[PDB]
Amino acid sequence: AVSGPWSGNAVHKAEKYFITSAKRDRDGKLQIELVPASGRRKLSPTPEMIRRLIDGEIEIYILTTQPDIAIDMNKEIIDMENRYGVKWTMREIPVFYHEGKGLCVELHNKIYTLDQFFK
Amino acid sequence: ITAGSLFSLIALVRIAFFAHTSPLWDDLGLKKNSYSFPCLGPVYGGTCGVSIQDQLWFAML
Amino acid sequence: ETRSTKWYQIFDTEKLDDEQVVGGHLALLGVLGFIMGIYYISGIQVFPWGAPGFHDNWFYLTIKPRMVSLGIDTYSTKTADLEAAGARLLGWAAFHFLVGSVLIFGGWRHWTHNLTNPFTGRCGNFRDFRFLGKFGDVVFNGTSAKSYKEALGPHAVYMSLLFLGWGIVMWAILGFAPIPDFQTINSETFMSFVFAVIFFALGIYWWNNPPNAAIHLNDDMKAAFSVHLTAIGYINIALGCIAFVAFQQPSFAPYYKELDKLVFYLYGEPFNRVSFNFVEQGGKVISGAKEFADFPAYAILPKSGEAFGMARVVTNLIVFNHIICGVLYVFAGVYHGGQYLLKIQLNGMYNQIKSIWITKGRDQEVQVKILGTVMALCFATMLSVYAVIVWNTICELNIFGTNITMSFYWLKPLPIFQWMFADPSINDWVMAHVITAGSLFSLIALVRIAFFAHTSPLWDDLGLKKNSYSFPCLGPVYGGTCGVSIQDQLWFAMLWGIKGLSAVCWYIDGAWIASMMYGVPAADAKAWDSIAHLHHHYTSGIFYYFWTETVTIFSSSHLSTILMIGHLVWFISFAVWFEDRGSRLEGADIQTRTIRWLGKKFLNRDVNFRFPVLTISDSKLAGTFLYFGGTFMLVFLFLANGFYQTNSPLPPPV
Amino acid sequence: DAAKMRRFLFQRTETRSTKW
Amino acid sequence: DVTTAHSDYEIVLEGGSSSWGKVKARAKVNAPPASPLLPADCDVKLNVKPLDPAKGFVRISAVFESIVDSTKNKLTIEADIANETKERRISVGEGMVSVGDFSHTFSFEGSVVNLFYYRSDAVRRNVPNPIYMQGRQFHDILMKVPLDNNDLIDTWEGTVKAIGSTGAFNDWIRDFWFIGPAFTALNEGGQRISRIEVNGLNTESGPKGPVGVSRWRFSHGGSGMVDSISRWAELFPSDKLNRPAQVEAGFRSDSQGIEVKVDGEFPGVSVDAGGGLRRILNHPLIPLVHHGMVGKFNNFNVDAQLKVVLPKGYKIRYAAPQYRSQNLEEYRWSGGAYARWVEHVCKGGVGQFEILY
Amino acid sequence: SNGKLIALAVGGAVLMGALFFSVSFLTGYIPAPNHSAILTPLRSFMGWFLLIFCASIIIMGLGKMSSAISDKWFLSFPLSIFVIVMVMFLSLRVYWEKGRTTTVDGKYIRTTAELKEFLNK
Amino acid sequence: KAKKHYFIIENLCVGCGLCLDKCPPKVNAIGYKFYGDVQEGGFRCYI
Ligand code: BCL
Ligand code: BCL
Ligand code: BCL
Ligand code: BCL
Ligand code: BCL
Ligand code: BCL
Ligand code: CLA
Ligand SMILES: CCCCCCCCCCCCCCCC(=O)OC[C@@H](CO[C@H]1O[C@@H](CO)[C@H](O)[C@@H](O)[C@@H]1O)OC(=O)CCCCCCCCCCCCCCC
Ligand SMILES: CCCCCCCCCCCCCCCC(=O)OC[C@H](COP(=O)(O)OC[C@@H](O)CO)OC(=O)CCCCCCCCCCCCCCC
Ligand code: SF4
Ligand SMILES: [Ca+2]
């Protein structure tokens, strides 16, 4: 099921990972590295670790201050804040698994793919 | 005395069991980093008197 | 934009128009007439048919000296003159029932915008009307007031009309001709016509020229309603002050002083008791032992008005009522007023208002200087007088090798002011300075609401704004920021006010204020009356007040129930005023889960309740209400237990 | 004078510190 | 004896990227239905299972069990809808239509194409939450029905004869298709039904008996009001369908009134609103515009309660009309402004009610 | 809030009453004069049961009307309060006490002097 | 050195401001940002 508050971080209900860099290779494939909230090891989104995401054992997120996020996140973030210190707001986007495309980010009612999303 | 013991025992069972986390703050996704922190602020209708030092006060009171 | 869908904000000025306001006011004066007609039925000492009347109630005692003054009620000891009185009170109770029903009808249709009368088959216009046909056409040039400023003239006229009507009523129905000498009730008819002339003339001067003062008050209903409440509260305080000096004047003796001579049977007072083995039969008591044997079993016993001191008890119950409210309405006028100053600072109309009632305090520079003068004067006065009371307490308790000779017995009001007190003494010098200190103390919380509704000299420093009026705090940041909104500053005005609101209760019950301990059997407590040549023996000292006044409370089975209930309500305010809101939120969660778990195991069906917890701002609300209601549910017991000051001082015990 | 004023409130805060 | 209607609503949402929400609705109304025949009762069931998430195919089912003026009426549908592209969506399904002692089955091979008259970047940039989207839809239909009854055989011929002898069959068929006040509804929602096109009407033998086979095409355009066109991507959360989703509802109607019971979970109840904020999906406009058609015949007083339950840690940033009461996680709407909005939208109004959590 | 939920409250009240009645037959307390052994416990339990029951209904009743009051209660709430106050004053003179204080002979005493004379003799 | 960087995750913040008081007062990096009623998480911190 789920581990207790005492095991790992207490705030987390499932283990938490953050995509920290999204550089590309010579062939243009997106090399995604995600480190856990503790942050002492580097992993890539392999099927075995995606398989955890199907059962909710882990959760993946992206910061909006990432150096290579490709999409102009600050302008859109600034607009929403103005709708309802505005600059320096930072958010965590919850990455989800789409069987057809793999990891997608439902940003502003529009599904995206990590390769489409990142530079 | 039986009622007066079980009343102040509630504040004591909470120091023993909710020093770092409680079922509510595991739900609200929060950590009690500290033993003498007053509140987390107005948030969630407010959360004052949640540390174990404050639960000690509510056992003395 | 903070939520305003709370049940206690349903009748807010934002949710009502000018037409609805009139309907709301009318929908209450009709209820008030229904209430006034019940305070009249209860006051029937003997029924018209000859059946015995109603036992004394405090709701009719505070109005009995007035109905006696107007002739509806009499103080006669004879049933024949007490059987007519009963018929009259029935007449005015039924009359107030009819007039109240009209005002409620004229409030229901006013509230629903449905101004149609069946007989005339024509609907009137709120925007413009002739006002009582030709009468209004001659005076208001055939038009109606178009704004609050233009309503002053017509509103003043209405006041003149009401005064003229009261004068006609006293002359024709009550038989009091207008003789202009100020020792008789007949002078209340003469001045009912002088006032009707002043107001009518004043009501025409304001209709031809509408007042330009506070022009912004026309724009918002709450802005004008709050200035009226800051004014009505001061008026009410003045009425309480005036009723204390007047109700015990020689000219008011036939109505207030006369109460002492009567025997009163209040409900819930000591009654003829009975033995455990009591078996009452119709004809006679059998195999039972009953106390007194002068009245029937379980019959309220008499009470000597003179021993009770009912003339001063009734004077106090009325004087304190119009002061407990007068200061509550001053506090609410500033609150509901600063509640409007938050909106003009949020939507930014503040810097463009030319009114000197908003322009004078525009700059923060003056604000700190004004608040720094209220704060400095409160310090130099709440200390100067507290150290006198503490020193007097030390000197008479012989603490630190001191005696009642070294106390402040030689300090009293100056000769210029001596006319203000029947008997001048340090008890009078202290009371004036306590009220002065007690006003400047709660004024600090009021100057804060007026000046710091949105931004303070500290928040402007900390880079923060106060977006709401009912925000509990900004978290634990900067060591803590709780109780910073104006609603909380209103609470700290009500809470701080309880001291001057108690220096009045104590001082009008004939207690000593110049010493915490007066009249106790200690070293110099009983040496006050002769060290200062007091012509009166004050009931007790600040602390010894609780012991003496409560001897009569414990003797009453109903005054003691109030004591219990009032204390129970008051300490419960601690639960919602202490910083344990986070603890309550967790606790409840355990209760919901615990109850869910108990229901689950115990019953096949699983039922959950999700126990609720109040918010801090919702906590400080129920907190002040439980603290204030509890604190003055019991102040009533001090006033209604009797007036036990005496005109004979005590010689030194030696 | 804001900074100097804030160094004080910071000198009396709700965070971990040494107390007498 | 006063037109009074009582209703209860409930939405429970999960946290994270989940768009899953539970919706329950009960209603009670005291005015007669605008139906020339009473009593008319009806139960509807819709179940969507994740047949193939890899390719993108789901198995949707629908059962209609309605008794109209003592006449049992049933319609059953089982179909396989999947996303082909952004504008095309093919469905393969079977169903059966029974009225009293009559019944006939059908099989269909169909595709729907949805195009927007324009797609501009400026509209997307300057309008954070667009409502009105002008578009058109095209249906390719291949109907196949086994004609094993005399009554079914007679309907099959007459149609061919009518096409053969009447030139205006493509036009006058719209009149027959939208029976009763259904045709009026077209103009009401700003929806235009184009003329049908018959590719072929050929009888093809089947193992059971002669089977009528039809292959037709049609189109219909929405001024923006229509939700099928304006919201084509949002009404099919196939990819968000990790677990089977079911919507169950039913209603009883007669001279005395209407009682409605609706319940079920499905994704798409919550959609991203920008700036990290989530929001309840914009109310469908077609149902409101379609109910104003029958809801304006009897004056009434509203008694509606809308209980909304949010995920742990999730608090409203803004709502108009504002919630009457807030029991922490669960917020409540009743009375005041909300009762004003319910009377608005029950009579055909489409005024916005926003919740941002 | 149906079936066993309300069934449970009735069962609990009956159990508490039986326990209070049962404990007495073994508590060994002398009964008051002209009182039944079975009645004393039954009367005491009913008073105890009423206090919690009255407190519980008042707590949920105030809660029910705190979130169900609006502009529509503008006239009804003030009229209902007046009606309760009125049915209350009538009870003072129709159930709590019948008439003003009178003596065995039926005479009245309305003056301090009349009282003083009564006290002495 | 400015090698490492620190951030507020705004959806997680509850605005308690414990972070703000650790920031040196002559370096007013952390600050407050209001958009609603505080009892409804209407305020957050940001560097
Ligand atoms: C008690 C200390 C304060 C006080 C503190 C508050 C607070 C706190 C609130 C109001 C609010 C209101 N106040 Mg105020 N108010 C006081 C004195 C008054 C007086 C007066 C008798 O002179 C009047 C006419 C008003 C008028 C009003 C309305 C403009 C508004 C909504 C009333 C409502 O729905 O009540 C509830 C309706 C009922 C039928 C319940 C019974 C109310 C009875 C009739 C008394 C009315 C006044 C009373 C204080 C209203 C609030 C009760 C709450 C439990 C605090 N206040 C004093 C000075 N007032 C609200 C608002 O929107 O302010 C901007 C609000 O949040
Ligand atoms: C009502 C507005 C539009 C309409 C809207 C759509 C939409 C939208 C699409 C279809 C598509 C199709 N349409 Mg079409 N369609 C209309 C008119 C028609 C008519 C006709 C009798 O005139 C026909 C024969 C068809 C035929 C067809 C099919 C070929 C195909 C799949 C239908 C299906 O499986 O339904 C199943 C049978 C049912 C009874 C379902 C009824 C569902 C109702 C309308 C809504 C229920 C959902 C509820 C609000 C939320 C539930 C969530 C649960 C998880 C289910 N359309 C009108 C003009 N049509 C689909 C396609 O793209 O295929 C490739 C599709 O996505
Ligand atoms: C209006 C709502 C109720 C009502 C509620 C009350 C209340 C409340 C009281 C009475 C009381 C009385 N009522 Mg009644 N009464 C009503 C209708 C009537 C009518 C009638 C014409 O229908 C009559 C003849 C009476 C008769 C009487 C007398 C038996 C008695 C003493 C009146 C008095 O002193 O008046 C004097 C009246 C005036 C002089 C009119 C002028 C009042 C002015 C406008 C107020 C100024 C005060 C203050 C300084 C304001 C300053 C601000 C501005 C600068 C002006 N009532 C209706 C049904 N009645 C009183 C009582 O029983 O006392 C024991 C009492 O307190
Ligand atoms: C004590 C009575 C209450 C009151 C209770 C009623 C009642 C009762 C009725 C109305 C209704 C009406 N109200 Mg009103 N209303 C009050 C104050 C006002 C004021 C005001 C600001 O002074 C105005 C402009 C109005 C406006 C109006 C009329 C346009 C309307 C006409 C139909 C009718 O029968 O009319 C006759 C009246 C007029 C044509 C208007 C001119 C005469 C005056 C203004 C009428 C009110 C009574 C008068 C002031 C009482 C005597 C005052 C003395 C000092 C004792 N009311 C007075 C103070 N209102 C009617 C309604 O709602 O019907 C469904 C109605 O029958
Ligand atoms: C020896 C001076 C005493 C004193 C003795 C008297 C006497 C005697 C009388 C009053 C009376 C009054 N006093 Mg005093 N009063 C003092 C200080 C104050 C302060 C104050 C906070 O500073 C206030 C607001 C008041 C208020 C008042 C009014 C109720 C009334 C006004 C006339 C008056 O003072 O006439 C006489 C005034 C003077 C002779 C000089 C006043 C000097 C001013 C007030 C400066 C003294 C303040 C001082 C700095 C406080 C010390 C604080 C320290 C820094 C710790 N007093 C000091 C403590 N007061 C009269 C009254 O009716 O009493 C019932 C009265 O007869
Ligand atoms: C007086 C004001 C009353 C009121 C007055 C009435 C009256 C009067 C009536 C209703 C009716 C209805 N009301 Mg209403 N109603 C009120 C408030 C409510 C509330 C509420 C409080 O929330 C609810 C839940 C309802 C609910 C409802 C429904 C039970 C019913 C409409 C059914 C429907 O959707 O048919 C949906 C219909 C269709 C989809 C059309 C079917 C036929 C056409 C030809 C099909 C073409 C589409 C094409 C084939 C589709 C696609 C195919 C697939 C793509 C394959 N009402 C208010 C308070 N309401 C009406 C009703 O029908 O009652 C029985 C009615 O007469
Ligand atoms: C009579 C006063 C009183 C009562 C009944 C309670 C009761 C309670 N408190 Mg509170 N509290 C009080 C005073 C009181 N407190 C004061 C003065 C403070 C300030 C120091 C606090 C501070 C406080 C904190 C900080 C917390 C509570 C919590 C609790 C609850 C946990 C105990 C429990 O589950 O059952 C205890 C047993 C009972 C409640 C039995 C009922 C006792 C009687 C019969 C209740 C009915 C009498 C009542 C006064 C009637 C009112 C009449 C009206 C005229 C006033 C409980 C509901 C905790 C909680 O979980 O919050 C929800 C919590 O965290 N207490
Ligand atoms: C809540 C927030 C703040 C608190 C203030 C609010 C309440 C104020 C409400 C006025 C309270 C008065 C009550 C009824 C009036 C009454 O009593 O008048 C008579 C007389 C004595 O009469 C006799 O009383 C006997 C009882 O023992 C005696 O034995 C006898 O010797 C004596 O003659 O009292 C004075 O002269 C009044 C003294 C106070 C003097 C007022 C001084 C204040 C003036 C200066 C400025 C103050 C304001 C500062 C700005 C805020
Ligand atoms: C077998 C049990 C299994 C698990 C344990 C179950 C726990 C049972 C919980 C019972 C709750 C205890 C009952 C009271 C316990 C108690 O005393 O708690 C005091 C109460 C605390 O409420 P909280 O918000 O902390 O939450 C209480 C609930 O969570 C209780 O679970 O505070 C107030 O009510 C103040 C509001 C008063 C409103 C202001 C009115 C002002 C007017 C002045 C005069 C008014 C006179 C009368 C007014 C009413
Ligand atoms: S306990 Fe209450 S007042 Fe104090 S910091 Fe926390 S929320 Fe603010
Ligand atoms: Ca006393």
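The rules we used
- Residues numbered from 1 in each chain as written, not as in the entry; some residues may be left out.
- Chains lettered and ligands numbered in written order.
- Part of a larger assembly, values for the part shown.
- Heavy atoms only, no water.
- Helix = DSSP H or I, 4+ residues; strand = E, 2+ residues; numbered from the N terminus.
- Buried < 20%, exposed > 50% of the residue type's maximum accessible area, 1.4 Å probe, protein only.
- Contact = heavy atoms within 4.5 Å.
- Areas by Shrake-Rupley, 256 points an atom, 1.4 Å probe, with all protein chains shown as cover.
- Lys, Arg positive; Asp, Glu negative; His and termini not counted.
- Charge placed at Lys NZ, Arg CZ, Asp CG, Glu CD.
- Near = heavy atom within 4 Å.
- Polar contact = N/O pair within 3.5 Å; in protein donor to acceptor, adjacent residues only side chain to side chain.
- Nonpolar A, V, L, I, M, F, W, Y, C, P; charged D, E, K, R; others polar.
- Donors = N, O, S within 2.8 Å, 3.2 Å for Na, K, Ca; no water.
- Buried area = accessible area lost by both parts, 1.4 Å probe.
- Salt bridge = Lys/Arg side-chain N within 4 Å of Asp/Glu carboxyl O.
- Expected span 1.5 Å × (residues − 1).
- Pairing = 2+ DSSP bridges.
- Disulfide = S-S within 2.5 Å.
- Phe/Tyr/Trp six-rings, centres within 6.5 Å; stacked < 30°, edge-to-face > 60°.
- Axes fitted to C-alpha atoms, helices over the stretch in contact; angles between N-to-C directions.
- Parallel < 35°, antiparallel > 145°, perpendicular 65-115°, else oblique.
- Left-handed = near helix turned anticlockwise from the far one by under 90°.

- Method of determination, as given in the entry header: cryo-EM; reported resolution: 2.5 Å.

## Some details on the overall build of chain G
Argument step 1. What chain G contains, in helices and strands, is zero helices and two strands.
Argument step 2. Along the first, second and third principal axes, the C-alpha set of chain G runs to 40 × 20 × 15 Å.
Argument step 3. Within the span of chain G, comprising 47 residues, buried residues form 62% of the whole.
Argument step 4. The long-range share in chain G, meaning contacts at least 24 apart out of those at least 6 apart in sequence, stands at 35%.
Argument step 5. For chain G, the accessible surface area stands at approximately 2400 Å², while carbon and sulfur atoms represent 59% of it.
Argument step 6. Counting 7 positive and 4 negative side-chain charges, chain G places the centres of these two groups 20 Å from one another.

## Some words on the site of ligand 7
Argument step 1. Taken together, 16 residues lie near ligand 7, and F571, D580, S583, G587 and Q591 of chain C sit nearest.
Argument step 2. Residues lining ligand 7 come from chains B and C.
Argument step 3. Residue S583 of chain C places a side-chain N or O atom 2.4 Å away from an oxygen atom belonging to ligand 7.
Argument step 4. At the level of secondary structure, the elements contributing two or more residues to the shell around ligand 7 comprise helix 1 (2–17) of chain B together with helix 19 (559–577) and helix 20 (581–602) of chain C.
Argument step 5. Across the shell around ligand 7, the residue classes break down as 10 nonpolar, three polar and three charged.

## A closer look at the coordination of the magnesium atom of ligand 6
Argument step 1. On the protein, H291 of chain E (NE2) is the one donor atom to the magnesium atom of ligand 6, at 1.9 Å.
Argument step 2. As for its placement among the helices and strands, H291 of chain E is situated in helix 6 (residues 285–295).

## Thoughts on the interface of chain D and chain G
Argument step 1. Counting residues at the interface gives seven residues for chain D and eight residues for chain G.
Argument step 2. Summing both partners gives a buried area of about 700 Å² for chain D against chain G, and 64% of it is carried by carbon and sulfur.
Argument step 3. For the chain D face of the interface with chain G, the top three residues by lost area are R6, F10 and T15 of chain D, together amounting to 64%.
Argument step 4. There are zero salt bridges connecting chain D and chain G.
Argument step 5. Between chain D and chain G we count two residue pairs in polar contact in total.
Argument step 6. The class makeup of the residues in the side of chain D that touches chain G is two nonpolar, two polar and three charged.

## Focus on unusual backbone geometry
Argument step 1. The omega angle of the peptide bond from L38 of chain E to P39 of chain E is -10 degrees, so this bond is cis rather than trans.
Argument step 2. By the secondary structure assignment, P39 of chain E is in the loop between strand 2 (21–29) and strand 3 (40–52).
Argument step 3. Put simply, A320 of chain E and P321 of chain E share a cis peptide bond, and its omega is -5 degrees.
Argument step 4. Along the polypeptide, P321 of chain E turns up in the loop between strand 17 (318–320) and strand 18 (325–327).
Argument step 5. Phi at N34 of chain F is positive, roughly 60 degrees, even though this residue is not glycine.
Argument step 6. Of note, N34 of chain F is situated in the loop between helix 1 (4–27) and helix 2 (39–66).

## Looking at helix 21 (residues 616–633) of chain C
Residues and elements named next belong to chain C.
Argument step 1. When the terminal C-alpha atoms of helix 21 are compared, their 24 Å separation across 18 residues agrees well with the 26 Å that a helix rising 1.5 Å per residue should span.
Argument step 2. Within the sequence span of helix 21, burial applies to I616, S617, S619, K620, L621, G623, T624, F628, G630, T631 and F632.
Argument step 3. Where helix 21 is buried, its residues contact helix 11 (310–346), helix 16 (486–508), helix 19, helix 20 and helix 22 (635–640).

## Remarks on the site of ligand 8
Residue and element names in this part refer to chain C.
Argument step 1. Taken together, 21 residues lie around ligand 8, and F244, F421, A422, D423 and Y507 are the ones closest in.
Argument step 2. At a separation of 3.4 Å, an oxygen atom of ligand 8 approaches a polar side-chain atom of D428.
Argument step 3. Interatomic distance of 2.8 Å between a backbone N/O atom of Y507 and an oxygen atom of ligand 8.
Argument step 4. Coverage of ligand 8 by the protein amounts to 77% of the 1200 Å² it exposes when considered alone.
Argument step 5. Elements supplying a minimum of two residues to the shell around ligand 8: helix 9 (221–246), helix 11, helix 14 (426–451) and helix 16.
Argument step 6. Its residues assigned to classes, the shell around ligand 8 shows 13 nonpolar, five polar and three charged.

## Re the pairing of strand 3 (residues 58–63) of chain A
Residues and elements named next belong to chain A.
Argument step 1. In terms of strand pairing, strand 1 (residues 15–21) meets strand 3 through four bridges, oriented parallel. Opposite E15, over in strand 3, you have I58 as the bridge partner.
Argument step 2. Both strand 3 and strand 4 (residues 92–98) contribute to a ladder of four bridges, which runs antiparallel. When the bridges of strand 4 are listed, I60 appears paired with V95.

## Points about the interface of chain C and chain F
Argument step 1. With 50 residues of chain C at the interface, the matching set in chain F holds 30 residues.
Argument step 2. With both chains or domains summed, chain C and chain F bury close to 3700 Å², and 69% of this area falls on carbon and sulfur atoms.
Argument step 3. Inspection of the chain C/chain F interface yields one salt bridge.
Argument step 4. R100 of chain F is the partner of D56 of chain C in a salt bridge, and the nearest nitrogen-oxygen pair spans 3.0 Å.
Argument step 5. The interface formed by chain C and chain F holds 10 residue pairs in polar contact in total.
Argument step 6. Per element, the largest residue contribution to the side of chain C that touches chain F is six residues, and it comes from helix 1 (residues 18–36) of chain C.
Argument step 7. Taken together, the residues that form the side of chain C that touches chain F break down as 31 nonpolar, 12 polar and seven charged.

## A short note on the arrangement of the chains
Argument step 1. Taken together, the 14 pairs of chains in contact show their highest number of contacts between chains C and F.
Argument step 2. At no point do chain A and chain D touch; the closest pair of C-alpha atoms across them sits 19 Å apart.

## Here's the deal with the state of the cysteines
All names here are of chain C.
Argument step 1. The final tally for this structure, using the stated rule, is zero disulfides over all chains.
Argument step 2. With no disulfide of its own, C378 has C241 as its nearest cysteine by sulfur position, at a separation of 20 Å.
Argument step 3. What makes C378 buried here is its relative accessible area of 5%.

## Overview of the pattern of salt bridges
Argument step 1. All told, the structure shown has 37 salt bridges over all chains when counted by the stated rule.
Argument step 2. Among the salt bridges present, the one from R593 of chain C reaches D589 of chain C, with a minimum N-O distance of 3.1 Å. Placement of both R593 of chain C and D589 of chain C in helix 20 is noted, with a separation of four residues, approximately one turn of the helix.
Argument step 3. In this structure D589 of chain C comes out as buried when scored by relative accessible area, which is 16%.
Argument step 4. Among the ionic pairs, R231 of chain E bridges to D227 of chain E, the shortest N-O distance being 4.0 Å. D227 of chain E shares its class with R231 of chain E; the two are buried.
Argument step 5. By sharing partners, the salt bridges in this structure join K13 of chain A, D26 and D27 of chain B together with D589 and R593 of chain C into a single network.

## Remarks on the packing of aromatic side chains
The geometry of an aromatic ring pair is captured by two quantities: the separation of the ring centres and the angle between the planes.
Argument step 1. Using the criterion set out here, one finds 69 aromatic pairs over all chains in the structure.
Argument step 2. With 5.8 Å between their ring centres and 40 degrees between their planes, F492 of chain C and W577 of chain C make a pair best called tilted. Placement of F492 of chain C in helix 16 and of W577 of chain C in helix 19 is noted, with a sequence separation of 85 residues between them.
Argument step 3. When the centroid spacing of 5.9 Å and the interplanar angle of 80 degrees are considered together, the rings of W177 of chain E and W216 of chain E count as edge-to-face. Here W216 of chain E lies in strand 11 (residues 210–222) and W177 of chain E lies in helix 3 (residues 169–177), a separation of 39 residues in the sequence.

## With respect to the sheet that holds strand 1 of chain A
All names here are of chain A.
Argument step 1. One open sheet holds the five strands; their spatial order is 2-1-3-4-5, and the pairing between them is mixed. Strands with a single pairing partner mark the edges of an open sheet, and in this sheet they are strand 2 (33–36) and strand 5 (102–104). Taking each pair of neighbouring strands and ignoring which way they run, the sheet shows an average axis angle of 40 degrees.
Argument step 2. Packed on one face of the sheet, helix 1 (residues 47–54) meets strand 1, strand 2, strand 3, strand 4 and strand 5 and runs near 100 degrees to strand 3.

## A few points about the packing of helix 11 of chain C against helix 16 of chain C
Residues and elements named next belong to chain C.
Argument step 1. At a minimum axis distance of 10 Å, the contact between helix 11 and helix 16 shows a crossing angle of 160 degrees. It follows that helix 11 is roughly antiparallel to helix 16 by the angle criterion. As for the relative orientation of helix 11 and helix 16, their crossing is right-handed in sense. Of the residues in helix 16, those in contact with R312, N316, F320, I323, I324, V327, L328, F331, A332, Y335, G338 and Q339 of helix 11 are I486, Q487, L490, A493, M494, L501, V504, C505 and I508.

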